[PDB]
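This document starts with one chain, in the form deposited in one PDB entry, laid out as structure tokens.
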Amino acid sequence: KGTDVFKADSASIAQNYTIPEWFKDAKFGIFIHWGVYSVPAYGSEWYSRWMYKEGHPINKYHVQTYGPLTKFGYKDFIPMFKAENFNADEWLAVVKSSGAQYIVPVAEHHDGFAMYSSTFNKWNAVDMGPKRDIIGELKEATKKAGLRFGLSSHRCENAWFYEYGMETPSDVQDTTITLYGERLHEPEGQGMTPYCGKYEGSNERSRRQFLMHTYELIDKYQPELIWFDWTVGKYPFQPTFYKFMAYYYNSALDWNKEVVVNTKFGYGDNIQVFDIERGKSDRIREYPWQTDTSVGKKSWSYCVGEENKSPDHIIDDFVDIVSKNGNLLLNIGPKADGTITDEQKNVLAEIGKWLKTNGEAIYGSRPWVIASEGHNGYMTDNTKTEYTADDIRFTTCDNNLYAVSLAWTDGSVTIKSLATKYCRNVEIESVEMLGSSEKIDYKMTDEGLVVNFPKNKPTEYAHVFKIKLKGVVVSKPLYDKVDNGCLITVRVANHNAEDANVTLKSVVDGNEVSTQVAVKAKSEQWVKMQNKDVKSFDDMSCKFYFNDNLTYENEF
């Protein structure tokens, strides 16, 4: 007791918190959406909300399949949630087989039902349904498997999730049933915004219970990561959430473990790990981030008739995410009895076999100077576009450069990011394809590093060239509009064994800014510059120089 480095405010957290290296090193986790919503097997965690909305397809489905809302409520699925085939060790063997490094079971979704040993919430999996501590058994299994344990909380939305049950006859109108939460209106605001309009989305009781909920998860299971759904960022909840963050980060100091909080918006990108959709951006993000997707094409939780995705598209996206400083949190949805389907076991096993061969380029890597090259919205056709071998993503680790082609070719590729205009004194020492015993034939040209693919595929899906090089490389510059000027961003990598001095020069509309940078041996860094007196960002004339060699000019 006594540890109080962190106070429940933003400036205190930012003063003392750093995103841990294990998260950056890990890259890949498995999300497991499993709960009472698995029983109807409709494929929606929002079953509990829409079943009470008169006329909604789920409402109509429920009334015919299970009965009127006054006789069969969401709570009445819970006795059926027996989980006769749940086995935590079996789950962890599937997770471990994927090559993932952490696991994120759902500790509590929006529906009010705790999947763990809760003291205040009598709607829990120890007392009801499975009659076991699902989260506790998964924590023990994860320790034995040698992975890191996280979990997700979606309880904040329980404050309003059952609001439609008050508008039509149903058991939600019996306000003594606490599973159904505060029955408030959903907060206003579209998408990821802290604005809530005239409905706060929480109240005093739900805020206090959120602290009881997160405190007991922290105290009982000491998770290394806690993921939260989107409404914890609405303005009225932020004081409560900062109290949670301080308690979690202070506890973690005592545990001698560094921890991660995920949120979708509302909090600084340095005091937590953003969990965000993948943009259209090719850019490397400065801070580590996470993005989530399901193995199922249709759903996250289990539904009959699910069509699962192919390992190829998942792996291609995974590599793209990793090249841009992201982690992939990939979801499986077990059946209500606790069985992970053969199809999803197979997808995870294929990813794991890919990582067995190619993981050197993934685990522990960091973004290079630039994440991607190659050709890769509103199309009024089905174009059937796929990646080609010329679509390349980059990572670096231990001064090695990994160039990952997202498809195969019988010919060659030319790595354009190693074109001579980006390079000073670059010499290639070796090139190999991970998993290949064949010697790679390659040649440096002015246009880049030409690399001939070997004869046999070591793996499907994506193919890694490991490149050992010396020299200094700069990325192509990025331009961002600032008032009366422009911000220029590059990354520089010194692959030499000795420190290097580099000069960058941005000449925009005749205004010249220069910076000299000492880049430590076998290291890389962001460099930002700013040109002034730019009348028009769209009409600007731009030249960028790397040690007085022209790297870029907006020629077209």
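A residue's number is simply how far along the shown sequence it sits, counting from 1. Here the rigid core means the biggest group of C-alpha atoms that line up within 1.5 Å when the two forms are laid on top of each other.
Enquirer: What size is the break between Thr388 and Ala389 in terms of deposited sequence residues left without coordinates: none, 1 to 3, 4 to 9, or 10 or more?
Expert: Gap between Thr388 and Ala389: none.
Enquirer: Comparing 192-200 with 472-480, which stretch shows the greater average C-alpha B-factor in the deposited entry?
Expert: Stretch with the greater average CA B-factor: 192-200.
Enquirer: Given the B-factors recorded for C-alpha atoms, which segment has the greater mean, 395-403 or 77-85?
Expert: Higher mean C-alpha B-factor: 77-85.
Enquirer: Looking at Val126, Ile467, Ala252, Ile415, which one carries the largest C-alpha B-factor according to the PDB entry?
Expert: Result of the comparison over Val126, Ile467, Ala252, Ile415: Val126.
Enquirer: Per the entry, which of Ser44, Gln525, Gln516, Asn59 tops the list for Cα B factor?
Expert: Reading the PDB entry, the winner on C-alpha B-factor is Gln516.
Enquirer: State the tercile, meaning the lowest, middle or highest third, of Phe274 with respect to the CA B-factors recorded for its chain.
Expert: As the PDB entry reports it, the C-alpha B-factor of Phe274 lands in the lowest third of its chain.
Enquirer: Compared with the other modelled residues in the chain, in which third is the CA B-factor of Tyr302?
Expert: Its C-alpha B-factor, which the entry lists for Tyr302, ranks in the middle third among residues of this chain.
Enquirer: When the deposited Cα B-factors of this chain's modelled residues are ordered and cut into thirds, is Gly112 in the lowest, the middle or the highest one?
Expert: As the PDB entry reports it, the C-alpha B-factor of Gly112 lands in the middle third of its chain.
Enquirer: Could you say whether, by C-alpha temperature factor, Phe546 belongs to the lowest, middle or highest third of its chain?
Expert: Ranked within chain, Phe546 CA B lands in the highest tercile.
Enquirer: Sorting by Cα B-factor within the chain, modelled residues only, which third would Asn358 end up in: lowest, middle or highest?
Expert: Ranked within chain, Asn358 CA B lands in the lowest tercile.
Just so it is clear, the following notes concern the form deposited in another entry, a form of the same protein that is not shown.
Enquirer: Which is the one residue in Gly279, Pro239, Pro79, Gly191 whose C-alpha moves 2 Å or more between this form and the one not shown, relative to the superposed rigid core?
Expert: Comparing both forms, the shifted residue turns out to be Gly279.
Enquirer: Aligned on the rigid core, do the two forms place the Cα of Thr175 2 Å or more apart, comparing between this form and the one not shown?
Expert: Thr175: C-alpha displaced by less than 2 Å between this form and the one not shown.
Enquirer: Is there a C-alpha shift of 2 Å or more at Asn382 between this form and the one not shown once the rigid core is superposed?
Expert: True for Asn382: a C-alpha shift of 2 Å or more.
Enquirer: Closer or farther: how do the Cα atoms of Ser323 and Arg278 compare in the other form relative to this form, given a change of at least 3 Å?
Expert: Farther apart, by at least 3 Å.
Enquirer: With a C-alpha distance change of 3 Å or more, do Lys384 and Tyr461 lie closer or farther in the other form?
Expert: Distance between the C-alphas of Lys384 and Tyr461: shorter in the other form, by 3 Å or more.
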